[PDB]
Amino acid sequence: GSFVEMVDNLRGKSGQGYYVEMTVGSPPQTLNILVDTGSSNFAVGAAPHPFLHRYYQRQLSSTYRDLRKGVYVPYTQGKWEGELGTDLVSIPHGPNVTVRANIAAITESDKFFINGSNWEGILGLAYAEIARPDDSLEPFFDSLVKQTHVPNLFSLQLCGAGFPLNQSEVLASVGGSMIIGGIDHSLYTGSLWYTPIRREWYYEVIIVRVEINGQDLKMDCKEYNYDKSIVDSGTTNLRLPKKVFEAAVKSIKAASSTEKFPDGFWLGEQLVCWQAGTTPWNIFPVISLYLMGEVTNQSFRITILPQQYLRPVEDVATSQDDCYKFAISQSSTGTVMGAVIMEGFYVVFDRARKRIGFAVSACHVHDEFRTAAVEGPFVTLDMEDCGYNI
Ligand SMILES: CCCN(CCC)C(=O)c1cc(C)cc(C(=O)N[C@@H](Cc2cc(F)cc(F)c2)[C@H](O)[C@H]2C[C@@H](Oc3ccccc3)CN2)c1
């Protein structure tokens, strides 16, 4: 590992998001910021809110510049409205550089901030095409690269604990690493396999085959990417297009049929619990997603365990039982490879070479019998046809 200064700089968990510490303004104002590869705006709370114990105070920054323009971002989940401006930004546990970046000062929000998450803003790491108001508002990473010598690449290791973390624990625990400008080899095992970034807006990729315990889901691969497939640290679950979700759940139910679970569990709403240490991991299937490779007619696969798609949650009775929620749900906006999926791998966002790399994470949760995996190559034809076109 050659980036020790950035190793272990993240905190959080899949259900509330992973964040990195940043500073904005002069003198520096420290804020915790949600790492979101699923959007492209850098925005921070800039006014009191019930769930924030601190926020950006523009009047106290000598380097603050007002862009005299409003901005509104309606995400799938929540929304915020704010005022645009620029200011000096740094990442304490990151590259030792300071850059002038666009900042949306949030003045109003609805279902955006999360009670107890410990973050006060969001860092959209995707491309300008999806930035609000429009693509003229340069994203943070683009500014960082244009203004410094930092290589055009970042990598993420999100570390799920494998069990519930209470308020005190989640504040003291290391949640992972965000390596800005490089790849740290201590964060993964095995080889890195790369899939092309189909188009630069979201970090869009193409899934060409799906297996549940090795059994082909057997759908037209176009269905897997309808209307797109993205890698999104800003979403907890693996979200799947309606028809794919229905087929996946049917197959996962069949594989785990030795135990019956309530509909509320499969809807991702209610938790299921087992006596301490008795979670029957072995009855649940592994899930493999084959992604387009960099070489013609070649693909590779990433395999996740139920230790990834079953999200640890504290029992309503704070008992000693081990409980979880099903972290796979349906989408009407394409496949979303969220945090629970990223927790199994070290993910390299190689913007310079327009590709995304995957490798088994040194911190993924597993058991003595199975492990997550990244394997290849496989001969796969007409993969271009797996991509969707409106
Ligand atoms: C992460 C903590 C738990 N959580 C949020 C609270 C329930 C989710 O799992 C979740 C669930 C859904 C169904 C959507 C989004 C969602 O919209 N996430 C976006 C980021 C985000 C928004 C928010 F309000 C609170 C957050 F904690 C995180 C991300 O950019 C998604 C949205 C879409 O891309 C865009 C849509 C519109 C504009 C720009 C990007 C694909 N990436 C997030």
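Cβ coordinates were reconstructed from backbone atoms using ideal geometry, including for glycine residues, and neighbour counts include every protein chain displayed. All of the numbers you see were taken from the coordinates with simple rules; none came from a lab.
So the values come out like this:
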read-out: Helix 242-255 vs. the chain, principal-axis angle (Cα, 0 to 90°, nearest 10); value: 50 degrees
read-out: DSSP-defined antiparallel bridges as percent of all bridges, the chain, nearest 5; value: 85 percent
read-out: Residues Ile197, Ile130, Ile283 arranged by fewest to most Cβ contacts within 10 Å; value: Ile283, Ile130, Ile197
read-out: Relative exposure of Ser90, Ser191, judged by other C-beta atoms within 10 Å (fewest first); value: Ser191, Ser90
read-out: Positive-pole candidate from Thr148, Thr195, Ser329, dipole of the chain, charges at beta carbon; value: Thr148
read-out: Euclidean distance between Cα centres, region 143-213 to region 46-96, Å; value: 24 Å
read-out: Compactness relative to 2.2 N^0.38 Å, alpha carbon Rg of the chain; value: 0.97
read-out: Within a Gaussian network of the chain (alpha carbon springs, distance under 10 Å), most fluctuating of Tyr72, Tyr194, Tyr203; value: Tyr72
read-out: Percentage relative contact order, the chain, counting C-alpha pairs under 8 Å, at least six apart; value: 19 percent
read-out: Order of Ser40, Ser2 - criterion: other Cβ atoms within 10 Å of each residue's Cβ, fewest first; value: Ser2, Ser40
read-out: Mean-position separation - Cα centroids, region 247-307 and region 315-390, in angstrom; value: 11 Å
read-out: Whether region 1-156 is rounded, prolate or oblate, judged on the alpha carbon gyration tensor where a/c under 1.5 counts as rounded; value: rounded
read-out: Residue among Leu123, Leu271, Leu238 with the largest mean-square fluctuation in a Gaussian network model of the chain, springs linking Cα atoms under 10 Å; value: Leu271
read-out: Fluctuation leader among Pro280, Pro306, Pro196 - the chain, Gaussian network, Cα springs under 10 angstrom; value: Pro280
read-out: Too-long pairs where the Cα-Cα distance tops 26 Å, listed order kept, from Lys222/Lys253; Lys111/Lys146; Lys325/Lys354; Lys242/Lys325; value: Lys111/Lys146; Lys325/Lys354
